[PDB]
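Below you will find one chain, with nothing else, as structure tokens; this is the form deposited in one PDB entry, and questions on how it binds or moves follow later.
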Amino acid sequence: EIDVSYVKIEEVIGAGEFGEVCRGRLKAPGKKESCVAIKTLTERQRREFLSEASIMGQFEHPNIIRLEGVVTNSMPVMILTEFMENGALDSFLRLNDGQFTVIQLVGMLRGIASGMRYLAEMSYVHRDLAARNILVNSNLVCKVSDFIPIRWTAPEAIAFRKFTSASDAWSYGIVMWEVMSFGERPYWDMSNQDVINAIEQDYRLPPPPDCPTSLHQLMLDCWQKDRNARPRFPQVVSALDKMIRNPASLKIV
């Protein structure tokens, strides 16, 4: 896919499941240089590493991480994506706690919902939608990546392993809560089993401090026990668009 000579690996910036994550530069003939993130890498594990790229490579949308390419005819094996300067959304928000406006946070959430709308339209169920799996660029554009997390997972998906775009809608509601809380951990220190039991017994997370009531009600809609009752992602995006166009709605807390 990509000639290794076109890749310049700079600073190590993270650790992933199979190895390091680096910042670097991609420069192909006829194209301007671009800034990339690079994951560097068993066989079964090699196919497990590269599977992320083949899934990612199916997609083209401004809120889904762009695959720039792979290095697989050389070693180390590599996956290159567009560089997302602010990294993962949960830790980015914790660093900036209280420092973005409600309208900014809704804009982030709208971008995440558009991504998910596109995945669902493609019949792709994510199963691992969480703030930690969303990356943020220098213009605050949020992009879904990562291609059972109990506290993010719908009760029917936990109980019956039934994963659908409607179980992703449940997870999206949890991401809304993460965002509006500036990256707090869902259900704080409750154990996984306590979370399962609480949800089955009708507990739902409360509105984060300063959270508009209209956003918390959207979270509650996403967390309906009946999966058919949850909003689909087009309705989620349209709900956020209405809130953005009519921002007075976001003042009631």
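The term rigid core refers to the maximal set of C-alpha atoms that superpose within 1.5 Å between the two forms. In this text, residue numbers run from 1 along the sequence as written.
Counting the unmodelled positions of the deposited sequence between residue 147 and residue 148 gives a long gap of 10 or more residues. A chain break between residue 41 and residue 42 is present, corresponding to 4 to 9 residues of the deposited sequence without coordinates. Between the stretches 77-85 and 97-105, it is 77-85 that shows the larger average CA temperature factor. Higher mean CA temperature factor between 189-197 and 42-50: 42-50, per the PDB entry. Between the residues 36, 222, 215, 56, it is 56 that shows the highest Cα B-factor in the PDB record. In the deposited entry, the Cα temperature factor of residue 91 places it in the lowest third of its chain's modelled residues. Among the modelled residues of the chain, residue 135 sits in the lowest third by CA temperature factor in this PDB entry.
Ranked by C-alpha B-factor against the other modelled residues of its chain, residue 70 falls in the highest third. Sort the modelled residues of the chain by CA B factor and residue 30 lands in the highest third. Ranked within its chain, residue 244 lands in the highest third, by CA B factor from the PDB record.
Although not depicted, the form deposited in another entry is the subject of the following passage.
With the core held fixed, the Cα of residue 185 is displaced between this form and the one not shown by less than 2 Å. Relative to the superposed core, residue 225 undergoes a C-alpha shift smaller than 2 Å between this form and the one not shown. With the core held fixed between this form and the one not shown, residue 13 has its Cα displaced by at least 2 Å.
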